[PDB]
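Only one chain is included here, represented as structure tokens and corresponding to the form deposited in one PDB entry.
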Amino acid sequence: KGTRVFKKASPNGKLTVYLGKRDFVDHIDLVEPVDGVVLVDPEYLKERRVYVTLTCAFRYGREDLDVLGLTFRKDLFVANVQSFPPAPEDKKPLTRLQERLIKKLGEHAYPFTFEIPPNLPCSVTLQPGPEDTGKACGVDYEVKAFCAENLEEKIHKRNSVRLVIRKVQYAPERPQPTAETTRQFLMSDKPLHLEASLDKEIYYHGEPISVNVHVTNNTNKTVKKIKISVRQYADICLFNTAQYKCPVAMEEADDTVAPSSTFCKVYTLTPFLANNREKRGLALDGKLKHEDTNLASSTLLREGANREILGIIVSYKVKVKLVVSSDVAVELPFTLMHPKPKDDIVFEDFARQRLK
């Protein structure tokens, strides 16, 4: 029942950024525009220019550090805009939010708008664990307002103000996700036929996944139990190539399958970051400390797209496994997307959260 807008001022107070929201939805076909305003103090500002830089960049190294010669970085995308003087230009028409934000402020709140390309990677992070914190890495979208005579002139952290916006992926549902099968001979004439499938291709966070297990046991062997499990896969495509893998869900059913007998059952489990705080190597869609953080959404491949510049490729697979009294198994691919969200101005500090 209101219209909130986040904000964050520079260490001093001269510069102050305002934004409608932290996250920004990437509809694959197009990313939402970055609406914002920057309140400049004409006093110390002098005649020099006020810039605003949006920057997507792959980081690698200690989480905290950022010093050159230690922390690696690579700008996957950069966009500079001159908020003062207002430049020509114009050109992007002011949004309803930018207008009302200027009204509340006073003849020193200058608009700025970034249009993010579709092929860019979403926000993502990967904690290697305490064993080797230096292996940390991820993609990050920064927003940085500052003031200087030119884009070349070095900045000063007291002047500038750094925000960190996330770009979240999304895509509506809608054919039946193909099944997966495997015949295996266990010291027998006839094969044990394992088969499984899913009710959906695209799952959202917190949503339960239903696995349709169906097993024609044509052997004289007995299946003692069945392990269902969701598995994350994360490939590091920059600075230091590697492939992580980690179970985000597990369920061991002591369900048996008699020889020559058929079996069927729909299992259900839900991948959840809650059980992952003690996990090593795991792709998150944000910082581990924030509450609004979740498991990294699945990375969309664009057929001819360059997967190297994507920084980190995340993917997911359900895995059925029959523990024979050898072990038969299968793996079902599936997409994990971010849930769709489905008045007077009210300010709020840009800080995420950590509680508790």
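All residue numbers refer to positions in the sequence shown, first residue = 1. Basically, rigid core = biggest C-alpha set you can superpose within 1.5 Å across the two forms.
Beyond the structure shown, there is the form deposited in another entry, which is absent from this document and is the topic of what follows.
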Listed options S210, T182, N119, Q82; Cα moving by 2 angstroms or more between the shown form and the other one (core superposition): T182
If the two forms are fitted on the core, does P93 show a Cα displacement reaching 2 angstroms between the shown form and the other one? no
2 Å or more on the CA of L65 between the shown form and the other one, with the rigid core superposed, yes or no? yes
Align on the rigid core first; then say whether the Cα of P247 has moved by at least 2 Å between the shown form and the other one. no
Relative Cα spacing, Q169 and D64, in the other entry - shift of 3 Å or more: closer
Considering a change of 3 Å or more, are the Cα atoms of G69 and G61 closer or farther in the other entry than here? closer
